[PDB]
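**Q** query.txt (compact mmCIF, C-alpha atoms and all ligand atoms) pasted underneath:
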```txt
# COMPACT_ATOMS: atom_id res chain seq x y z
CA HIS A 1 11.48 0.86 12.26
CA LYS A 2 9.80 -2.47 11.20
CA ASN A 3 6.01 -2.13 10.85
CA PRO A 4 4.51 -4.55 13.42
CA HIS A 5 1.00 -4.28 11.92
CA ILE A 6 2.01 -6.05 8.69
CA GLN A 7 2.97 -9.68 9.26
CA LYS A 8 4.74 -10.43 5.97
CA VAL A 9 5.84 -8.49 2.86
CA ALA A 10 6.76 -10.21 -0.43
CA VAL A 11 7.60 -9.41 -4.06
CA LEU A 12 7.43 -11.32 -7.33
CA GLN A 13 10.53 -13.51 -7.44
CA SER A 14 10.76 -13.90 -11.23
CA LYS A 15 10.76 -10.17 -12.10
CA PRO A 16 14.00 -8.25 -12.78
CA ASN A 17 15.63 -6.19 -10.03
CA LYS A 18 13.55 -7.89 -7.34
CA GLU A 19 15.92 -6.50 -4.69
CA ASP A 20 14.82 -2.98 -5.63
CA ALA A 21 11.19 -4.11 -5.64
CA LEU A 22 11.53 -5.54 -2.13
CA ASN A 23 13.19 -2.35 -0.89
CA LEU A 24 10.31 -0.37 -2.44
CA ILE A 25 7.46 -2.34 -0.86
CA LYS A 26 9.34 -2.42 2.45
CA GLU A 27 9.49 1.37 2.26
CA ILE A 28 5.72 1.48 1.72
CA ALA A 29 5.19 -0.77 4.74
CA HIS A 30 7.51 1.38 6.83
CA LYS A 31 5.99 4.74 5.90
CA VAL A 32 2.41 3.77 6.86
CA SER A 33 3.35 2.23 10.21
CA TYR A 34 2.14 5.07 12.47
CA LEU A 35 -1.08 5.52 10.49
CA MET A 36 -1.91 1.83 10.87
CA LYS A 37 -1.22 2.07 14.60
CA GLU A 38 -3.53 5.09 14.99
CA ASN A 39 -6.31 3.41 13.03
CA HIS A 40 -5.88 -0.14 14.37
CA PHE A 41 -5.28 -1.46 10.87
CA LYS A 42 -3.71 -4.90 10.48
CA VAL A 43 -2.60 -6.50 7.20
CA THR A 44 -1.42 -10.09 7.15
CA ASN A 45 0.32 -10.10 3.76
CA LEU A 46 1.50 -7.07 1.76
CA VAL A 47 2.60 -8.37 -1.64
CA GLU A 48 3.48 -7.32 -5.17
CA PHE A 49 1.28 -8.34 -8.08
CA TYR A 50 1.49 -7.61 -11.80
CA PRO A 51 -1.89 -8.39 -13.38
CA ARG A 52 -2.47 -8.52 -17.09
CA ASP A 53 -5.37 -6.10 -16.53
CA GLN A 54 -3.48 -2.81 -16.69
CA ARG A 55 -6.27 -0.95 -14.87
CA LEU A 56 -5.49 -2.87 -11.66
CA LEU A 57 -3.13 -0.97 -9.34
CA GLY A 58 -4.07 -2.61 -6.02
CA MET A 59 -6.45 -4.99 -4.31
CA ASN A 60 -7.59 -5.80 -0.78
CA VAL A 61 -8.58 -9.43 -0.12
CA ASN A 62 -10.94 -10.02 2.86
CA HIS A 63 -10.54 -6.62 4.55
CA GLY A 64 -6.82 -6.76 5.25
CA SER A 65 -5.92 -10.43 4.90
CA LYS A 66 -3.87 -9.51 1.82
CA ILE A 67 -3.17 -6.19 0.11
CA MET A 68 -1.64 -6.51 -3.35
CA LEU A 69 0.16 -3.56 -4.92
CA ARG A 70 1.36 -3.04 -8.46
CA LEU A 71 4.97 -1.85 -8.21
CA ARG A 72 5.89 -1.93 -11.91
CA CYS A 73 4.59 -0.03 -14.93
CA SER A 74 2.13 -2.17 -16.89
CA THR A 75 3.93 -1.40 -20.17
CA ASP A 76 7.52 -1.92 -18.96
CA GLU A 77 8.24 -4.37 -16.14
CA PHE A 78 11.68 -2.78 -15.60
CA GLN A 79 10.23 0.64 -14.71
CA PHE A 80 8.90 0.99 -11.18
CA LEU A 81 5.97 3.26 -10.44
CA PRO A 82 6.60 6.47 -8.49
CA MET A 83 6.64 5.95 -4.74
CA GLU A 84 4.00 8.69 -4.42
CA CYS A 85 1.65 6.76 -6.70
CA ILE A 86 2.11 3.47 -4.84
CA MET A 87 1.52 5.21 -1.50
CA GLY A 88 -1.74 6.60 -2.85
CA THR A 89 -2.77 3.09 -3.81
CA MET A 90 -1.77 1.76 -0.38
CA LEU A 91 -3.94 4.33 1.45
CA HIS A 92 -6.82 3.61 -0.90
CA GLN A 93 -6.54 -0.12 -0.25
CA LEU A 94 -6.12 0.33 3.53
CA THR A 95 -9.48 2.12 3.53
CA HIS A 96 -10.96 -1.17 2.29
CA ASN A 97 -10.01 -2.73 5.63
CA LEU A 98 -13.15 -0.86 6.83
CA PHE A 99 -15.33 -0.04 3.79
CA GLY A 100 -16.04 -2.25 0.78
CA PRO A 101 -17.97 -0.14 -1.73
CA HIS A 102 -16.66 3.14 -3.14
CA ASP A 103 -19.41 5.12 -1.41
CA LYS A 104 -19.33 8.23 0.79
CA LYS A 105 -18.07 6.34 3.87
CA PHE A 106 -15.11 5.11 1.81
CA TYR A 107 -14.14 8.47 0.35
CA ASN A 108 -14.62 10.24 3.67
CA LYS A 109 -12.22 7.87 5.43
CA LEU A 110 -9.68 7.98 2.59
CA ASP A 111 -9.69 11.80 2.76
CA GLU A 112 -8.87 11.56 6.48
CA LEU A 113 -6.09 9.01 5.90
CA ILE A 114 -4.41 10.98 3.10
CA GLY A 115 -4.37 14.13 5.23
CA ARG A 116 -3.10 12.36 8.34
CA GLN A 117 -0.38 10.47 6.48
CA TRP A 118 1.00 13.74 5.17
CA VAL A 119 1.11 15.20 8.69
CA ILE A 120 2.73 12.01 10.05
CA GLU A 121 5.41 12.16 7.37
CA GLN A 122 6.15 15.84 8.02
CA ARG A 123 6.51 15.28 11.78
CA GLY A 124 8.27 11.91 11.53
CA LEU A 125 5.95 9.97 13.82
CA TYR A 126 6.26 6.19 13.90
ZN ZN B 201 -11.13 0.61 -4.10
```
I'd like the structure from this file rewritten - as structure tokens, please.

**A**
Amino acid sequence: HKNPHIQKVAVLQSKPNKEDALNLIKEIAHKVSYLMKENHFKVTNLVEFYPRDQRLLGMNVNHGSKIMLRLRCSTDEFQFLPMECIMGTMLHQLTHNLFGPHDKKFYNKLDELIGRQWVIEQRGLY
């Protein structure tokens, strides 16, 4: 459906094939809808970014106020990253709605979310 736990999704308007980028990030928002419901996650803005720092794949501002995702390869703005890779980044950043540091609480929760998201996808819950 349309994920009610994410208020707004946006992509970079100056990048090429921004229609495909918007479809991609909308797909991310859609796929995680049931997981966010189960976990009471809310995200105000889910947006694309493309930082010059190529190490940066995602970021979570203020525990869910904004999650930024890299959608495009750092070396080639025309090539989008694999959906599987972006989903991994999304689950990692959703865990930061609860846990800031990359400590045991963080990795424990991320392990639970990865497992549950796979089950949800297999069964088609939403
Ligand atoms: Zn992190």

**Q** Determine, for each residue of range 1-70 of chain A having at least one atom at most 12 Å from an atom of range 100-115 of chain A, the closest pair of atoms and their separation in Å to one decimal, counting all atoms listed in the file; order by chain and ascending number, as a Markdown table.

**A**
```
| residue | atom | partner | partner_atom | distance |
| --- | --- | --- | --- | --- |
| A:32 | CA | A:113 | CA | 10.0 |
| A:34 | CA | A:113 | CA | 11.2 |
| A:35 | CA | A:113 | CA | 7.6 |
| A:36 | CA | A:113 | CA | 9.7 |
| A:38 | CA | A:113 | CA | 10.2 |
| A:39 | CA | A:113 | CA | 9.1 |
| A:41 | CA | A:113 | CA | 11.6 |
| A:59 | CA | A:100 | CA | 11.2 |
| A:60 | CA | A:100 | CA | 9.3 |
| A:61 | CA | A:100 | CA | 10.4 |
| A:62 | CA | A:100 | CA | 9.5 |
| A:63 | CA | A:100 | CA | 8.0 |
| A:64 | CA | A:100 | CA | 11.2 |
```

**Q** Could you list, as a list in words, every residue within 9 Å of residue 52 in chain A, counting all atoms listed in the file and ignoring same-chain residues fewer than 3 positions away?

**A**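 Using all atoms listed in the file, the neighbours found are residues 55, 56 and 74 of chain A.
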
**Q** Residues at most 7 Å from ligand ZN 201 (chain B), using all atoms listed in the file? Could they come as a list in words?

**A**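 If we count all atoms listed in the file, the neighbours of ligand ZN 201 (chain B) turn out to be residues 92, 93, 96 and 102 of chain A.
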
**Q** Counting only C-alpha atoms, which residue out of A:119, A:1, A:84, A:75 sits closest to residue 53 in chain A?

**A**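 Once distances to residue 53 in chain A are computed over only C-alpha atoms, the minimum belongs to A:75.
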
**Q** For residue 78 in chain A, please output as a list in words all residues within 10 Å (counting only C-alpha atoms; exclusion window: fewer than 3 positions along the same chain).

**A** residues 15, 16, 17, 18, 72, 73, 74, 75 and 81 of chain A

**Q** Which residue out of A:89, A:79, A:7, A:45 has the minimum interatomic distance to residue 66 in chain A when only C-alpha atoms are used?

**A**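 The shortest atom-to-atom distance to residue 66 in chain A comes from A:45.
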
**Q** Using all atoms listed in the file, can you list as a ChimeraX atom specification the residues within 12 Å of (12.9, -2.8, 2.4)?

**A** /A:1-3,8-11,18-31

**Q** For CA of residue 80 in chain A and CA of residue 44 in chain A, quote the distance in Å rounded to one decimal.

**A**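 Straight-line distance from CA of residue 80 in chain A to CA of residue 44 in chain A works out to 23.8 Å.
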
**Q** Work out how far CA of residue 4 in chain A is from CA of residue 120 in chain A, in Å to one decimal.

**A**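 Computing the Euclidean distance for CA of residue 120 in chain A and CA of residue 4 in chain A yields 17.0 Å.
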
**Q** List every protein, DNA or RNA residue that has an atom no more than 7 Å from (-1.2, -5.0, -1.9) in the file's coordinate frame, counting only C-alpha atoms, and report them as a PyMOL selection string.

**A** chain A and resi 46-48+58-60+66-69+90

**Q** Choose the residue, out of A:57, A:43, A:71, A:98, that has the smallest atom-to-atom separation from residue 12 in chain A; count all atoms listed in the file.

**A**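 Selected residue with least distance to residue 12 in chain A: A:71.
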
**Q** Which residue out of A:116, A:13, A:76, A:126 has the minimum interatomic distance to residue 33 in chain A when all atoms listed in the file are used?

**A**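 Under the stated criterion, the closest residue is A:126.
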
**Q** Ranking A:51, A:118, A:99, A:65 by minimum distance to residue 5 in chain A and counting only C-alpha atoms, which one comes first?

**A**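 Smallest distance to residue 5 in chain A is found for A:65.
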
**Q** One decimal, in Å: what's the spacing between CA of residue 82 in chain A and CA of residue 94 in chain A?

**A**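 Pair CA of residue 82 in chain A / CA of residue 94 in chain A returns 18.5 Å.
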
**Q** Centre and edge lengths of an axis-aligned box around all listed atoms of range 119-123 of chain A, with 6 Å added on each side, are to be given in Å to one decimal, as AutoDock Vina command-line options.

**A**
```
--center_x 3.8 --center_y 13.9 --center_z 9.6 --size_x 17.4 --size_y 15.8 --size_z 16.4
```

**Q** Take range 9-29 of chain A, bring it up to N, CA and C atoms, and give me the output as a PDB file, keeping the file's coordinate frame.

**A**
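Result file out-v4.pdb:
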```pdb
ATOM      1  N   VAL A   9       5.793  -9.217   4.126  1.00  0.00           N
ATOM      2  CA  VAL A   9       5.840  -8.490   2.860  1.00  0.00           C
ATOM      3  C   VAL A   9       6.599  -9.357   1.854  1.00  0.00           C
ATOM      4  N   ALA A  10       6.146  -9.355   0.595  1.00  0.00           N
ATOM      5  CA  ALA A  10       6.760 -10.210  -0.430  1.00  0.00           C
ATOM      6  C   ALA A  10       6.686  -9.528  -1.786  1.00  0.00           C
ATOM      7  N   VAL A  11       7.612  -9.907  -2.685  1.00  0.00           N
ATOM      8  CA  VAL A  11       7.600  -9.410  -4.060  1.00  0.00           C
ATOM      9  C   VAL A  11       7.674 -10.585  -5.021  1.00  0.00           C
ATOM     10  N   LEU A  12       7.404 -10.294  -6.291  1.00  0.00           N
ATOM     11  CA  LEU A  12       7.430 -11.320  -7.330  1.00  0.00           C
ATOM     12  C   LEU A  12       8.872 -11.751  -7.592  1.00  0.00           C
ATOM     13  N   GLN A  13       9.154 -13.037  -7.394  1.00  0.00           N
ATOM     14  CA  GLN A  13      10.530 -13.510  -7.440  1.00  0.00           C
ATOM     15  C   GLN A  13      11.100 -13.651  -8.849  1.00  0.00           C
ATOM     16  N   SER A  14      10.262 -13.727  -9.874  1.00  0.00           N
ATOM     17  CA  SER A  14      10.760 -13.900 -11.230  1.00  0.00           C
ATOM     18  C   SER A  14      10.996 -12.580 -11.971  1.00  0.00           C
ATOM     19  N   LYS A  15      10.626 -11.444 -11.393  1.00  0.00           N
ATOM     20  CA  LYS A  15      10.760 -10.170 -12.100  1.00  0.00           C
ATOM     21  C   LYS A  15      12.159  -9.584 -11.914  1.00  0.00           C
ATOM     22  N   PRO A  16      12.634  -8.783 -12.876  1.00  0.00           N
ATOM     23  CA  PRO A  16      14.000  -8.250 -12.780  1.00  0.00           C
ATOM     24  C   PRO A  16      14.122  -7.230 -11.657  1.00  0.00           C
ATOM     25  N   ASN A  17      15.335  -7.134 -11.105  1.00  0.00           N
ATOM     26  CA  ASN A  17      15.630  -6.190 -10.030  1.00  0.00           C
ATOM     27  C   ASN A  17      14.664  -6.368  -8.855  1.00  0.00           C
ATOM     28  N   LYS A  18      14.464  -7.620  -8.445  1.00  0.00           N
ATOM     29  CA  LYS A  18      13.550  -7.890  -7.340  1.00  0.00           C
ATOM     30  C   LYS A  18      14.077  -7.369  -6.010  1.00  0.00           C
ATOM     31  N   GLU A  19      15.387  -7.133  -5.897  1.00  0.00           N
ATOM     32  CA  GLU A  19      15.920  -6.500  -4.690  1.00  0.00           C
ATOM     33  C   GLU A  19      15.389  -5.083  -4.555  1.00  0.00           C
ATOM     34  N   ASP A  20      15.374  -4.334  -5.659  1.00  0.00           N
ATOM     35  CA  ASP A  20      14.820  -2.980  -5.630  1.00  0.00           C
ATOM     36  C   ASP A  20      13.322  -3.004  -5.369  1.00  0.00           C
ATOM     37  N   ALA A  21      12.624  -4.005  -5.907  1.00  0.00           N
ATOM     38  CA  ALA A  21      11.190  -4.110  -5.640  1.00  0.00           C
ATOM     39  C   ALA A  21      10.934  -4.360  -4.158  1.00  0.00           C
ATOM     40  N   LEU A  22      11.720  -5.250  -3.544  1.00  0.00           N
ATOM     41  CA  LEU A  22      11.530  -5.540  -2.130  1.00  0.00           C
ATOM     42  C   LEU A  22      11.843  -4.319  -1.274  1.00  0.00           C
ATOM     43  N   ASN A  23      12.921  -3.598  -1.602  1.00  0.00           N
ATOM     44  CA  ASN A  23      13.190  -2.350  -0.890  1.00  0.00           C
ATOM     45  C   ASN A  23      12.027  -1.381  -1.019  1.00  0.00           C
ATOM     46  N   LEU A  24      11.419  -1.306  -2.209  1.00  0.00           N
ATOM     47  CA  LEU A  24      10.310  -0.370  -2.440  1.00  0.00           C
ATOM     48  C   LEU A  24       9.091  -0.719  -1.592  1.00  0.00           C
ATOM     49  N   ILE A  25       8.662  -1.984  -1.624  1.00  0.00           N
ATOM     50  CA  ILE A  25       7.460  -2.340  -0.860  1.00  0.00           C
ATOM     51  C   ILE A  25       7.742  -2.312   0.640  1.00  0.00           C
ATOM     52  N   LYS A  26       8.988  -2.589   1.044  1.00  0.00           N
ATOM     53  CA  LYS A  26       9.340  -2.420   2.450  1.00  0.00           C
ATOM     54  C   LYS A  26       9.247  -0.965   2.853  1.00  0.00           C
ATOM     55  N   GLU A  27       9.615  -0.050   1.950  1.00  0.00           N
ATOM     56  CA  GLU A  27       9.490   1.370   2.260  1.00  0.00           C
ATOM     57  C   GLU A  27       8.032   1.756   2.435  1.00  0.00           C
ATOM     58  N   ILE A  28       7.161   1.249   1.554  1.00  0.00           N
ATOM     59  CA  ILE A  28       5.720   1.480   1.720  1.00  0.00           C
ATOM     60  C   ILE A  28       5.260   0.999   3.092  1.00  0.00           C
ATOM     61  N   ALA A  29       5.612  -0.239   3.448  1.00  0.00           N
ATOM     62  CA  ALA A  29       5.190  -0.770   4.740  1.00  0.00           C
ATOM     63  C   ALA A  29       5.699   0.105   5.876  1.00  0.00           C
TER      64      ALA A  29
END
```
